[PDB]
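Here is the naming used below: chain letters follow the sequence lines, and residue numbers restart at 1 for every chain.
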Amino acid sequence: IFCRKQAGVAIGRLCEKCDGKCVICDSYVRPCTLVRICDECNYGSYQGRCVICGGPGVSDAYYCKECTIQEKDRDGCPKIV
Amino acid sequence: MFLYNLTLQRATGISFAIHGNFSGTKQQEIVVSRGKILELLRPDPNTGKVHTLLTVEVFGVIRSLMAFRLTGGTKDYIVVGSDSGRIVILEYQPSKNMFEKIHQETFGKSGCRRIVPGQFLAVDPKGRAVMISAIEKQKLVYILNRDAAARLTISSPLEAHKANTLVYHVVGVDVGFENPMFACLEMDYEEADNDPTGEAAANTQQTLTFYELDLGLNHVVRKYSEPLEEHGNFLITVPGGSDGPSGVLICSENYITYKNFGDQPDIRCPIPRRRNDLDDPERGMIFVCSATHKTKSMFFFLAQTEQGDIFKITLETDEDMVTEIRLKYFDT
Amino acid sequence: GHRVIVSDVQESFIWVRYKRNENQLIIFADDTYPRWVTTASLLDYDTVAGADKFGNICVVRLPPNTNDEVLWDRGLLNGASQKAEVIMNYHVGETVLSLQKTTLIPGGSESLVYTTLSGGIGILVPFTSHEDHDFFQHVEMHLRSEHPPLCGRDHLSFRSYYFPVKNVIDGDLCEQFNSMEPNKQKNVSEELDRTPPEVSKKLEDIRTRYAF
Amino acid sequence: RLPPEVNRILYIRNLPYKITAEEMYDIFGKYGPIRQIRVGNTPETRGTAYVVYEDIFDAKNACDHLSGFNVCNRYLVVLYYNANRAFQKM
Amino acid sequence: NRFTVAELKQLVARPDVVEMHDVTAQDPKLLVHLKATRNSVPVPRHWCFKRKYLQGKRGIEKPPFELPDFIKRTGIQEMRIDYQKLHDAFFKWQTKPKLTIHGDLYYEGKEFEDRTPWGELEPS
Amino acid sequence: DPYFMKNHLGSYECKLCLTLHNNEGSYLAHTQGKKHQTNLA
Amino acid sequence: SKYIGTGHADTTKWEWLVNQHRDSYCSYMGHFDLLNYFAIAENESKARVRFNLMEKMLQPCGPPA
Amino acid sequence: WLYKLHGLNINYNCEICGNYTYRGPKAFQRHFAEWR
Amino acid sequence: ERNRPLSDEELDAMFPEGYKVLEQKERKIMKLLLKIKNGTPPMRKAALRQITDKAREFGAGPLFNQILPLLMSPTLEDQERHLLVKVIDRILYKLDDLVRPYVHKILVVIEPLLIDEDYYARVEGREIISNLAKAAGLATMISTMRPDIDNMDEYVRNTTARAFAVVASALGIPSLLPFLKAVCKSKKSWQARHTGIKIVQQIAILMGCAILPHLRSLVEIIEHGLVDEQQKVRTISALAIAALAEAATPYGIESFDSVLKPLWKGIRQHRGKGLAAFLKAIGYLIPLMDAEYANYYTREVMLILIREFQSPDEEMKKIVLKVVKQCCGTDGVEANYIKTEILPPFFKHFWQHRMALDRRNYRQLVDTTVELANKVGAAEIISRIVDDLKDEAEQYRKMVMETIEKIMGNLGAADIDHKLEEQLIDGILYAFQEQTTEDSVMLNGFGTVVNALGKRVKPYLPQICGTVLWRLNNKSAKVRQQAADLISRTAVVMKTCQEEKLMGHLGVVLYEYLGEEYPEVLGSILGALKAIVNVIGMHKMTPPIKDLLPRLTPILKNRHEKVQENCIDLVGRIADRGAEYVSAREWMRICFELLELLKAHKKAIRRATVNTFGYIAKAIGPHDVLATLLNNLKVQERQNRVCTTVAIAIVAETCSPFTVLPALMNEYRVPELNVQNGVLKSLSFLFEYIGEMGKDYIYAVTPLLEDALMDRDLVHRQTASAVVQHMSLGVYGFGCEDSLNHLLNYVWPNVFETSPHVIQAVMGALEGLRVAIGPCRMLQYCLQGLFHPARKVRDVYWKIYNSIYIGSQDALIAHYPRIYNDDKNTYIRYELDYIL
RNA sequence: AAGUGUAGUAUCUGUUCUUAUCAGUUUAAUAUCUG
RNA sequence: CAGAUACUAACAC
Ligand SMILES: [Zn+2]
Ligand SMILES: [Zn+2]
Ligand SMILES: [Zn+2]
Ligand SMILES: [Zn+2]
């Protein structure tokens with residue numbers, strides 16, 4: 001289940017285990033569009049946590065080229081909750 | 001089998017035109033949309049002649065343009081609404097002779113879609129916020145500010161969505177340094193979709209709605225709404241603060257109306273008609289576009305009717321209150 | 001000749017043959033897409049360029065060995081028995097009300113001139129060879145990513161507005177090359193195995209063979 | 001708190017043929033009291049063993065730590081006991 | 001309150017498109033109109049079949065996949081090295097197969113059931 | 001057997017009942033079974 | 001379901017067409033050339049064409065059945 | 001169970017076919033393109 | 001049971017030969033819940049379906065009279081409770097107004113779960129009370145819970161308040177505000193007023209930023225509590241304001257104006273935990289303020305806060321540090337004021353060894369001191385700390401090391417003077433040498449300080465290298481593991497031009513360590529070598545690469561994860577950059593070892609291994625490596641087979657698909673389900689990886705995909721659909737519509753598939769095809785099924801249509817078919833028929 | 001001797017229900033369930 | 001409805 005609220009200026013992050021992965025489709029191939037998340041997902045204790053699984057977040061999350069081509073980057077906040 | 005496309009002569013038509021110091025220098029320029037192309041024009045005030053400074057194929061549909069300026073700034077930004085699902089802010093750079101993209105905030109799917117914002121675009125007259133809205137349902141409000149390095153910065157969007165609701169037009173309301181406000185001509189179609197007699201459809205009133213952005217509580221409240229006697233086609237921002245009595249001017253078939261919130265009565269003036277008009281007498285008359293001219297002492301609007309006739313519109317005030325609209329025919 | 005190309009307001013192109021001796025107009029082919037045709041130019045005996053109300057150009061061609069010498073009959077998909085094949089699709093961005101196959105300059109090569117409702121005039125011109133085609137295709141691919149459209153719309157998506165872009169390179173995108181900062185010109189030309197003057201030369205050479 | 005496949009009995013492979021009883025106890029007994037050790041002593045079983053701990057938590061410990069364990073030129077392979085693989089030769 | 005098949009057949013411009021189940025639609029008149037449109041594709045015939053799709057394709061020996069001729073002539077079928085020929089197979093010899101037209105759907109039984117062109121490339 | 005067969009996917013089919021067998025083992029189980037006897041009878 | 005315009009098994013003729021018409025008029029309001037086409041064909045001002053389209057948005061197909 | 005499965009509990013009638021009763025949904029549908 | 005003593009008879013039986021020993025409705029609900037708690041999954045689904053409708057025949061009373069004792073059962077599993085909760089929600093929904101006479105009984109049983117520390121039990125408790133507060137009107141919740149607002153027990157008041165916050169999480173804030181505006185002023189009992197204020201506090205804690213549009217109202221509910229004679233109400237009103245301020249951050253300052261003056265009066269007046277609550281409130285408020293206010297009110301704080309540094313109370317000690325953090329982390333506060341007035345009393349009190357003795361105080365002071373550095377600057381704070389690196393206590397050395405780690409890791413070394421480097425490096429060398437225990441904080445800190453200083457470390461490198469080389473020569477496994485990790489971390493600085501020579505000694509030392517008895521230590525040995533090959537060239541590295549490859553081959557076979565993960569990186573690095581230094585024979589041998597490592601449980605190992613099969617293909621050519629990978633398709637293990645399919649696609653990406661595709665096509669001819677599916681899965685990954693290049697290969701693979709689509713097996717169809725999707729997304733804008741359209745003819749018949757994986761794949765193919773062949777085609781396929789008689793057809797068709805509509809709403813305008821006018825309705829779009 | 005768990009499919013095995021004459025619940029239709 | 005078998009998701013450990 002994706003949050004799907006209005007994406008903000010906050011940037012999505014990935015933990016070490018979930019890195020390279022597109023948030024929407026788990027592909028390791030061609031990261032393309034930088035992930036944006038809703039404020040509530042960035043708020044307080046949630047600052048810098050992983051979009052896929054809530055881990056410490058070390059890298060910037062991306063939608064892959066296919067998700068970008070399909071405009072799946074536009075659906076809203078993709079933090080899995 | 002395989003083709004290459006070239007433009008020889010670029011589009012010459014204009015869909016939008018906006019005013020500002022896009023160079024930041026005191027000289028005034030015009031940014032025009034030619035639908036598919038953004039273009040910057042300088043009228044030389046000496047020769048009285050127009051030069052194209054810059055043209056850019058934008059490879060999209062420009063659906064709206066605004067100029068805006070941050071408080072205390074000297075240069076105007078172009079904010080563009082488009083079929084791209086993103087609000088784009090441009091600064092013109094005279095040295096490089098190019099538009100530079102300052103921000104690109106994404107909110108939806110591309111195309112000229114019904115419920116995705118891009119059609120209407122309105123700015124706080126003090127530059128502090130921009131609303132981008134669709135024809136139906138979605139309105140988003142982006143807060144604008146500058147950083148410690150004086151670069152423009154933009155917030156997360158604050159939503160102001162309303163189901164089943166058409167928007168005819170939106171404008172920012174000049175309220176001085178009070179909380180930014182946007183006026184929308186809105187109509188709710190819900191009842192019209194639910195009544196098989198068609199009664200509701202004909203009994204549906206367009207409303208003027210004022211959305212206040214609360215800067216301190218970081219949300220948009222639908223603060224006031226009121227129905228209109230006849231449907232307006234567009235709104236004009238009336239100058240406020242110390243420059244005027246604020247409020248809005250609704251242009252409607254056969255009329256122009258001044259409305260403001262609070263103890264302000266509605267002032268309404270019919271659009272003058274040409275003596276001995278050969279047109280079909282059944283045709284109503286709308287204003288088709290307007291311009292606003294401000295000066296230290298005074299302001300006026302030029303509004304053009306369908307027939308090409310421009311009226312100089314001015315408002316007479318007692319204290320803060322507008323007391324009458326005055327129309328004078330200007331030129332055709 | 002004996003062929004008649006009919007624009008339908010919505011059902012695009014229908015090929016009709018007149019037969020003299022029988023004194024008959026026979027439908028023998030049609031398109032497989034709705035197109036809101038506004039104008040049409042015949043390119044060759046088997047090929048039509050169309051414009052539509054939605055700012056697109058297309059080229060439809062009768063496939064080889066299409067036969068024009070023609071309650072039990074039903075046709076194919078509720079239309080004619082034989083189908084034209086769309087060999088080109090391109091969203092111009094403006095409604096096109098004229099198309100004309102012509103040479104704009106003396107001794108120059110022939111092109112498809114088109115005019116738009118917005119007062120825009122442009123051309124579509126065939127590449128003569130693989131090498132040229134491939135070069136401008138690589139230029140377009142690099143410019144799509146390295147010089148993205150100003151107001152934030154994907155270029156490929158824009159040219160694919162109503163139908164996927166097919167067999168057209170946007171030269172208006174390619175000529176953005178000359179507007180870029182020199183570092184970006186260097187990056188893109190390095191990717192092309194060229195130097196920026198050679199890229200600009202190739203851009204000018206095409207745009208000078210078909211029409212100023 | 002541990003998964004269902006963990007077990008006091010640790011099947012061992014890649015075991016040196018020359019290894020002594022004392023060395024076995026040394027290696028495995030580090031993780032706690034050893035119940036018994038059985039070393040393969042036929043053509044088909046040499047180089048394998050079963051080591052049995054008294055306590056399951058010691059066995060988890062040993063199993064977590066001893067796979068890949070270098071003794072001589074070899075790296076031990078240590079698995080929790082499964083009956084259905086244990087009798088595969090039948 | 002439904003039409004009979006008989007009735008619906010007379011109310012429409014193209015009776016042949018009318019099927020027995022159509023009269024049981026919410027809007028049979030719209031359904032039949034939509035079926036009559038140019039280039040529309042029919043619903044897969046098996047929607048009403050009891051057996052699941054392709055599940056009756058059993059009890060028949062079929063040969064292994066026939067390679068395209070340009071790959072076949074590369075000789076790798078006999079190999080199971082000549083990388084230039086391996087390139088030429090895809091970049092010279094590759095010929096387009098018999099591609100099916102729009103709207104001609106598959107189903108279980110289907111398998112066994114001046115003339116010069118403008119804007120052509122110059123020869124290399 | 002004149003009904004037992006191998007498919008192109010490594011599985012087995014009985015020609016007399018069009019029944020699918022993951023393994024040669026399943027086929028023999030299907031052989032000792034209702035449908036399978038009825039066909040033979 | 002949440003997206004306005006989506007249908008499902010119980011979508012009527014009227015509902016679907018009202019979607020097509022409201023979606024068409026929004027497309028017309030955005031595509032400046034398609035708006036140009038209509039304004040010239042009707043011999044009418046663009047502003048009036050937009051206004052007429054907005055008016056039509058309310059009940060584009062006549063009342064519900 | 002096969003009787004109910006093949007829909008043989010239903011019994012359609014065709015006058016053009018001299019009031020023959022096919023007894024099946026599928027039977028009926030095939031008959032229109034057959035000899036009677 | 002699993003640790004029960006075993007007889008020798010039990011034991012002997014475990015072993016193969018050849019080893020030497022060294023009313024009626026109530027009955028119905030019972031038989032239903034029995035089959036939800038126990039039984040097979042369809043039986044659970046059937047019993048849940050039966051009970052959730054039958055709740056209408058039972059009514060709420062008998063139903064919860066049985067369910068509440070079952071929910072109270074002391075041996076109920078978390079998952080069996082979760083299933084009972086999924087019953088509870090659905091019966092509350094099915095009951096609606098029928099819950100109302102039983103709300104009290106349902107609530108008092110669940111109220112303990114709202115306090116229970118296990119997250120699951122507590123979120124389940126919040127969920128079922130939310131569902132109860134949907135089935136019951138707010139007036140019923142208030143009428144139930146109003147008596148316990150004035151219960152004499154604080155635990156009842158606490159759960160009552162928590163339950164009202166759950167009520168507020170569904171029923172809106174406006175709904176309960178008037179009840180709260182009565183309760184907080186109810187003069188008869190201070191405990192009622194207290195519980196109301198605590199509901200606002202819990203509402204703040206639960207709702208976070210959602211408080212903001214109601215914030216003024218919520219402050220005005222509490223405000224008088226700060227002025228009250230009851231010290232408890234003063235304390236807990238300040239805690240409620242702290243919770244609202246916390247939830248409002250960073251906005252909403254204008255809501256708190258009314259409470260600032262009461263707070264300042266209290267700050268000057270109060271003592272103990274009362275003052276701590278006021279300090280917490282002000283601490284949370286200051287970050288909302290503009291710079292002028294922020295400075296003034298920080299200065300107002302310090303006239304009391306500096307006194308409270310004297311307090312022996314652990315709660316005050318926590319709070320005063322948190323308030324220091326909040327003040328000094330606020331943007332507007334003058335850094336000079338912090339440096340001059342905050343630091344001297346703070347360092348004097350808190351930076352002593354005594355504060356290290358408790359983990360709670362430890363963490364607090366470490367974080368607070370890092371946060372002081374985050375605004376004062378690094379060197380001012382570090383220079384106060386650094387001497388204590390040479391203090392006797394290990395736990396205190398660890399504390400200052402962690403503080404320096406966290407400061408320098410954020411702020412860098414640019415602030416540090418040369419003398420302070422010498423002081424740092426001497427203290428760090430002492431702390432790293434003279435530890436009796438292996439500690440990660442010391443490894444981190446030493447590595448971080450070195451990595452932050454960078455090129456500046458040049459004078460110290462010989463002493464550092466000699467120290468770590470000495471420690472790596474210690475007998476102890478854990479000590480050598482610590483040293484080898486430090487080599488791995490510090491390698492980034494060893495890129496400095498002179499330091500390659502120093503690193504040369506480390507390389508030959510680590511080579512000897514390749515026999516490490518312990519796997520854990522070996523992992524660090526390999527992790528050092530991994531870093532070393534990344535810093536120096538393959539030729540430059542002292543151990544010969546040709547010699548290294550045979551040495552790493554047995555290590556590759558090593559079963560331990562630590563060894564396995566590290567080994568494949570090192571080998572992988574060599575394969576990628578130093579390919580030339582090895583024979584084809586050796587590389588091919590490595591491929592066989594890699595075949596085994598595709599069975600590794602961790603995906604990271606598998607991911608690296610798949611990359612390596614590929615790197616080797618760049619070096620030795622694709623044909624040989626492909627043959628091994630194609631053979632591995634026979635393996636039964638899916639996760640192994642799936643990983644091999646990825647490797648085939650990698651090899652095809654690295655060496656162009658023209659090299660790999662013919663062999664892949666041949667393997668499709670092989671009559672095994674798994675191979676044919678592996679081939680199709682490889683084609684899926686290949687089109688995903690190659691993107692634009694797919695246009696070159698689409699026509700060759702189109703017949704194979706067509707064959708798979710025609711196949712009876714669902715997986716062939718499912719996998720072919722995945723290929724389709726990826727290949728369509730990669731060839732978008734390059735012609736090739738004809739092939740995609742032909743494949744759509746094969747794919748579309750599968751829309752009636754019910755298998756979840758197959759339907760998802762078909763849907764994915766259709767979404768891809770919408771981009772590639774256009775929404776017009778997709779609409780043409782969907783038109784006839786939209787108003788089809790069967791609901792099953794319509795459900796699928798509208799689902800597909802919705803995807804096209806969301807994807808291409810604008811494009812569809814051109815593609816919609818002409819719908820003729822009705823008698824009462826106009827459906828023709830007249831404008832589009834205008835002729836110009 | 002490269003194991004186990006989660007979510008979901010498919011295929012053999014052993015069960016797959018005679019009814020008059022209508023109605024209702026249902027479904028595209030049948031079947032199912034209730035008179 | 002139960003058992004056996006096969007399989008899917010770069011599923012997880
Ligand atoms: Zn993660
Ligand atoms: Zn993706
Ligand atoms: Zn059989
Ligand atoms: Zn008949």
Side-chain angles (χ1 to χ4, degrees), chain A residues 20-21 26-29, chain D residues 3-7 11-13 48 67 77 79-82 84-89, chain E residues 19-26 47-48 50 52 55 58, chain F residues 10-14 17 19-23 25-33 36, chain H residues 1-10 24-26, chain I residues 16 40-43 46 559 596-603 606-607 610 635-647 649 673-674 677 681 684-685 688 712-715 718-719 722 753-761 788-794:
Chain A
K21 291 208 293 171
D26 295 275
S27 172
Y28 310 90
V29 173
Chain D
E5 62 266 37
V6 31
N7 196 276
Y11 171 71
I12 319 292
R13 331 177 55 204
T48 77
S67 64
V77 172
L79 292 157
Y80 299 112
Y81 173 91
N82 160 24
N84 68 48
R85 209 74 75 256
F87 293 91
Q88 201 185 42
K89 279 193 173 286
Chain E
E19 273 159 271
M20 181 172 75
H21 47 85
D22 295 350
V23 297
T24 73
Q26 327 265 53
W47 71 268
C48 60
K50 329 282 186 161
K52 308 292 293 176
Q55 248 70 78
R58 40 175 81 179
Chain F
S11 22
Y12 296 102
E13 258 138 66
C14 180
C17 320
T19 172
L20 297 181
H21 306 292
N22 270 337
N23 48 289
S26 154
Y27 172 83
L28 304 176
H30 146 85
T31 68
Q32 309 158 345
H36 185 67
Chain H
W1 59 271
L2 198 85
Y3 167 80
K4 286 181 275 180
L5 175 60
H6 284 196
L8 305 177
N9 201 50
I10 307 302
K26 259 314 130 75
Chain I
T40 66
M43 201 61 55
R559 224 57 131 48
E596 316 295 330
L597 309 188
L598 289 179
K599 309 170 194 180
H601 308 176
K602 189 170 271 69
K603 189 195 295 310
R606 302 197 304 271
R607 188 178 177 187
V610 166
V635 170
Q636 265 66 50
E637 296 291 314
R638 189 201 78 97
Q639 276 195 313
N640 185 338
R641 202 159 12 94
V642 165
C643 277
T644 62
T645 65
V646 179
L673 184 105
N674 282 0
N677 286 324
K681 207 161 179 62
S684 196
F685 285 123
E688 186 192 33
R712 185 252 310 145
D713 178 51
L714 282 87
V715 181
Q718 163 187 330
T719 325
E753 287 312 304
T754 73
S755 183
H757 290 149
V758 74
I759 204 47
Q760 94 188 358
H788 184 273
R791 174 173 304 275
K792 286 300 188 292
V793 177
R794 280 191 264 99

Inter-residue atom distance I:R712.CZ - F:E13.CD, 0.5 Å rounding:
5.5 Å
Sugar half of pseudorotation for J:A20 [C1'-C2'-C3'-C4' sign: + north, - south]:
south
Quick note, J:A29: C1'-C2'-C3'-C4' sign places the sugar (positive north, negative south) north
What form does the base of J:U19 take, syn (within 90° of 0) or anti?
syn
Quote, to the nearest angstrom, the [atom1] distance that separates [N] from [M].
N: J:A1; M: K:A9; atom1: P; answer: 29 Å
N: J:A31; M: J:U19; atom1: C1'; answer: 14 Å
N: J:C33; M: J:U18; atom1: P; answer: 12 Å

Using whole Å, what does the distance between atom [atom2] of nucleotide [N] and atom [atom1] of [X] come to?
X: E:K50; N: J:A31; atom1: NZ; atom2: P; answer: 10 Å
X: I:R794; N: J:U27; atom1: CZ; atom2: P; answer: 10 Å
X: F:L20; N: K:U5; atom1: CG; atom2: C1'; answer: 13 Å
X: D:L79; N: J:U4; atom1: CG; atom2: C1'; answer: 12 Å
X: H:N9; N: J:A29; atom1: CG; atom2: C1'; answer: 13 Å
X: D:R13; N: J:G3; atom1: CZ; atom2: P; answer: 11 Å
X: F:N22; N: K:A6; atom1: CG; atom2: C1'; answer: 4 Å

Does I:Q639 have a side-chain nitrogen or oxygen under 4.0 Å from the phosphate oxygens OP1 or OP2 of K:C11?
yes
Does the structure show I:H757 stacking with J:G8, if we require the centres to be closer than 5.5 Å and the planes to be within less than 30 degrees of parallel?
no
Tell me whether D:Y11 and J:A1 count as stacked here, given that the ring centres must be under 5.5 Å apart and the planes must differ by less than 30 degrees.
yes
Return the nearest nucleotide to the side chain of D:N82; candidates are K:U8, J:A10, J:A1.
J:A1
